[PDB]
Each structure stands twice: as C-alpha cells, then as structure tokens.
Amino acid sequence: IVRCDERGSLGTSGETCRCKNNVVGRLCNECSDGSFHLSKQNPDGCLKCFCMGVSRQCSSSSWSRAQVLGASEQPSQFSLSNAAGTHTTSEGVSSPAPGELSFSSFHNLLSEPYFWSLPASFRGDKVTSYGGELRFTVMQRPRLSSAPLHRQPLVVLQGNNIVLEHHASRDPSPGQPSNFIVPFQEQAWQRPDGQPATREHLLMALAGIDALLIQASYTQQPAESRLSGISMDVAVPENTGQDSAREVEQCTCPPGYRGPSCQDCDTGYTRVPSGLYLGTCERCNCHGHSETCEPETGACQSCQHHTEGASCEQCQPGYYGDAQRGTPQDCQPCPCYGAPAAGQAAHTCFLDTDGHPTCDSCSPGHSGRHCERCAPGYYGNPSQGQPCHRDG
C-alpha cells in the first residue's frame, strides 16, 4: 500500500494517490508549477503565486510573525468613519487604558453605520498580513429602541480601489464583550455585492490599505461602543521567535520590481498605470539627468548637470540651455555681469531664438545681452569690473 501525503491527497485508490488541484508527485507531496506552501488546511493543497501578475516563481517567505497592537498607538489617532469615509470624527473618542477605545456620543452623528478607523500603523503595505488574523474585542449597547442592523460588515478593507468586507457569524449581544478573529484569507471576505473575494484581490487591497474599518454602531440607534484587544498579524524580516509567515509569498521579481509580491517599483523604476493589477514598473524618465525617481509619482530625484523639474526638463536658475537634449553639458552658466536686480540669488538668463543666451535679471543701469554695458543716465564699465552708478 502507498502512504499518500496527508496534506496533498484527496484520496487513495490504495495503489494510486489523488492530488489536490495545486499538488503533484507520486505521493501528492509537491506543489505544482506556480504554487507554494503545501498544507492540509488548503483544499487546493498549495497556494498560487500571484506576484502582482509579473511572476509565477515564488515560495514561502521566511519572514517571522509579529503583531501590530492597538496599545501601540496614541488614542488621538483613532477616529470614527462612515464606510464611504465622507463623515469622520474623533470628537467623543476616549481611551480608559492604552489601546482601549470608547465612544458614547452617537447623538452627534448622522443615522448611518459608523466604524472605528484603525490608524496608519495598520494600513499601507500589509501583504505580509496574508495568512494571519486581525483580532479584537467589541462591546456595544443600543439606545432602548433599536433592532440590530441587517447584513452589516464587521470589517471593511479598502485598498487599491478594492473594497472587501468580512461579516461575522454572530452579532455581539448588548452590554457584553465579543472577541473576533478575522482571517486574512479570501474565504472570509466578499465584495459589497457579495461575490467571493479572490486571493489576487485580497492581496491587492492588503498591499495598499487606505482604510481598515471595524463596525462600531451595530444597531440603528447605538448608545455606546467600545473597542479593545486589537491585534493585527504581520511579518517582519527580523527573527522574532514566532513561526515564519509560510502563507506569505516571496516572489522572484523581474527587473524593476521588489516587495515579497513584486508590489513595488525598484530603484530606477516608476509605476505606469497599465492593466489588470497594480500596473507595471518602467524606468525613470529623467532626460539622462538622473537614475532615481519617486516609485509611484514619477518625479525625478537629485537631477544632475544643473537641471530641475519632474523630468529634469529645465535648467536650474542661473543656467540656460535645453535640458531635454540629455547630455551632461545641456545647461550652461548664464554669462551675466554685475549684481541681479532686487538683490537676487543668482542671475537668470535664457537661450534666445538665436542660439545665444540673453540675461533677463540684469541689474538696473545695465544693458546688452550679458549685462555688459550701462544704461543711459549711468556710467561705468562692467566688462572691466566697475559697477554702474547714476548721473549725479
């Protein structure tokens, strides 16, 4: 009899092994191409590499698990929001202990569900939260007359133009605390219309969290809402002593990408809004004046050769030429004489329609394209060195 792998088999015709979708091998104990992390709990056996669509080669991160705690954040940093985040406030939010939050001024709010809006340390790039959990305790009380709400999200995750929701199997009873454990796995999230989350979509939201919202109202007329014991799983490169983040994909990215899922443009590359996921990463457009730029916006950085602008497209003041040509000598020093008018920093001049510079920040009582003569009712010779003083 063959002993089929317990993590990877669906069953056994005693002499053959039947593998889950993403599993391969005689004993169904290997992940298929584009898969990683064999586990018994995964019905498909192995997760699929996603890698923001730019790679199919990945394996389990060996980052360690750690938690972001609510206690880590100033209570000032918590607030209430509607789902749309068009109505927010922290007026009334108080904290009786660190990481514990309390609210009881619903009279000041409109008649819609409000959420606790977790602060920044819970947002941004949380791809490594995949395969972990958001944990928390809530307690709620309605005003005397108030039915629960119907089908309301316990948690809303918003990132990268995706909204996913997690709905609780039970509502918290009035005036007693409930522990929730929300897994970062597709099975636990749906779109607002109630379509299942995909792995790809959960990852894209997690990679760019803009809001992470916990239900605070629960009923139509809430009296009181309290939040505590907030714990969000992540993964860090440092060893922490906790298990490694095996569900977190470590992709081999192509040139121009980094992050464990190729979610970031690498040094010398910037985001291009393309199609399907986050877009693609292309090389900086810096007119040859730079190799580094803002990964998301595109703005060039540390423009060389006396250039400036978002593409290093212009010569810095005190220089003239065509920075767009792309050579180191593109921009030349303005050949002006004397002091700049209204006592300026440097001298401005521009490349005139004749291929030669003209100075346009000449001092008063200067003249000519290089500020080299003196205006009428003035005297002196700047070329030789003297300034220009007025007549009498």
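The first residue of the sequence shown is number 1, and the count goes up from there.
- Mean C-alpha B-factor is higher over 292 to 300 than over the other stretch, the pair under comparison being 244 to 252 and 292 to 300.
- Two stretches are in play, 3 to 11 and 382 to 390, and the higher mean C-alpha B-factor belongs to 382 to 390.
- When the Cα B-factors of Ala341, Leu69, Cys31, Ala66 are read from the PDB record, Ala341 comes out highest.
- Across the options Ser55, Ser59, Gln329, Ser62, the residue with the most elevated CA B-factor in the record is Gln329.
- Among all modelled residues in its chain, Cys49 ranks in the middle third by Cα B-factor.
- Looking at the C-alpha B-factors along this chain, the one for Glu200 belongs to the middle third.
- In the deposited entry, the Cα temperature factor of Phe106 sits in the middle third of values across the chain's modelled residues.
- Among the modelled residues of its chain, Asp266 has a C-alpha B-factor that falls in the middle third according to the deposited record.
- Placement of the Cα temperature factor of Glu238 within the chain: lowest third of the modelled residues, per the deposited record.
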